[PDB]
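When a residue number appears, it is its place in the shown sequence, counting from 1.
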Amino acid sequence: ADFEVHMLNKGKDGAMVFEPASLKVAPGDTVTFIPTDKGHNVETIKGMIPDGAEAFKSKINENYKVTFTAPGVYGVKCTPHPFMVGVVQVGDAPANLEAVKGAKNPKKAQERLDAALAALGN
Ligand SMILES: [Cl-]
Ligand SMILES: [Cu+2]
């Protein structure tokens with residue numbers, strides 16, 4: 001299955017958001033990150049992807065597709081926008097949950113990640 005995440009200046013969560021900011025997918029599913037507004041990108045957060053996964057980074061304004069196969073959670077962020085974060089989950093019982101949940105980001109970033117994990121049933 002293929003899924004889309006839009007990069008937006010504003011959403012229910014406030015300014016600078018991935019929408020949806022949380023997505024549960026099956027191994028082999030894909031997510032394309034699509035800038036609805038200019039000035040955004042996507043990249044994985046250091047330490048926040050599974051063993052077996054590769055990091056990634058898009059260019060500002062680039063439409064960017066990633067295939068997810070390694071099971072676990074994947075924290076992603078937008079470079080210019082500190083609170084702009086999201087979580088892609090592959091499978092159930094992710095094994096690297098604490099990598100995201102136990103991290104020490106600025107509060108508004110960390111609460112958005114934490115909300116994303118809780119919405120994914122964790
Ligand atoms: Cl593009
Ligand atoms: Cu952004």
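- One finds the OG1 atom of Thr30 at 4.5 Å from the NZ atom of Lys65 (value rounded to the nearest 0.5 Å).
- At least one donor-acceptor pair under 3.5 Å links the side chain of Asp29 to the backbone N or O of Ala1.
- Side-chain atoms of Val90 and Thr69, non-hydrogen and from C-beta on, never get closer than 4.5 Å to each other.
- With a 6.0 Å radius and a threshold of 12 heavy atoms from other residues, nucleotides or ligands, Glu54 has its CD atom at or below the threshold.
- Side-chain contact between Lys10 and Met16: absent, with no pair of heavy atoms (C-beta onward) separated by less than 4.5 Å.
- Note on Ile45: it does not cluster hydrophobically with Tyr74, by side-chain heavy-atom contacts below 4.5 Å among ILVMFWY residues.
- For the atom pair CZ (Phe68) and CG (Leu23), the distance works out to 8.0 Å, reported to the nearest 0.5 Å.
- No donor-acceptor pair under 3.5 Å is formed between the side chain of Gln110 and the backbone N or O of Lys107.
- You'll find the side chain of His40 reaches within 4.5 Å of the side chain of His81, heavy atoms only.
- One finds the OH atom of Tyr64 at 11.0 Å from the OG1 atom of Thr32 (value rounded to the nearest 0.5 Å).
- The same ILVMFWY cluster, assembled from side-chain heavy atoms under 4.5 Å apart, contains both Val31 and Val76.
- Between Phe33 and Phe56, the angle of the ring planes lies from 30° to 60°, which puts this pair in the tilted group.
- Between the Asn41 side chain and the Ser58 main chain, a donor and an acceptor come within less than 3.5 Å of each other.
- Within the 4.5 Å cutoff, the side chain of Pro50 has no heavy atoms near those of the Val73 side chain.
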Check step by step if salt bridge (charged side-chain N to carboxylate O under 4.0 Å, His left out) holds for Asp13 and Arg112.
CA-CA 8 Å; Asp13 204 0; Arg112 286 174 168 194; 3.3 Å; yes
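- For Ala109 against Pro82, the heavy-atom pair with the smallest separation is CB-O, 3.8 Å.
- Contact of the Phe18 side chain with the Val42 side chain is registered, since non-hydrogen atoms from C-beta on lie closer than 4.5 Å.
- Across every non-hydrogen atom of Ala99 and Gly47, the tightest pair is CB-O, 3.5 Å.
- Defined by atom type and a distance below 3.5 Å, a donor-acceptor pair is present between the side-chain atoms of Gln89 and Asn122.
- Using a 4.5 Å heavy-atom threshold, the side chains of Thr79 and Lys57 count as touching.
- Note on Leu117 and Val88: separate hydrophobic clusters, where clusters join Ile, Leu, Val, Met, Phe, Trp and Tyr whose side-chain heavy atoms are under 4.5 Å apart, directly or indirectly.
- Rounding to the nearest 0.5 angstrom, the gap separating the CG atom in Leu8 from the CD1 atom in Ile34 is 10.5 Å.
- Between atom CG of residue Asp37 and atom CE of residue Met7 there is a gap of 10.5 Å, rounded to the nearest 0.5 Å.
- Here the straight-line distance linking atom CG of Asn96 with atom CD1 of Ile49 works out to 9.0 Å at 0.5 Å rounding.
- Using a 4.5 Å heavy-atom cutoff, the side chains of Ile60 and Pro80 are in contact.
- No side-chain heavy atom of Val17 sits less than 4.5 Å from a side-chain heavy atom of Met84.
- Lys24 places a side-chain N or O within 3.5 Å of a backbone atom of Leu120 that can act as its donor or acceptor partner.
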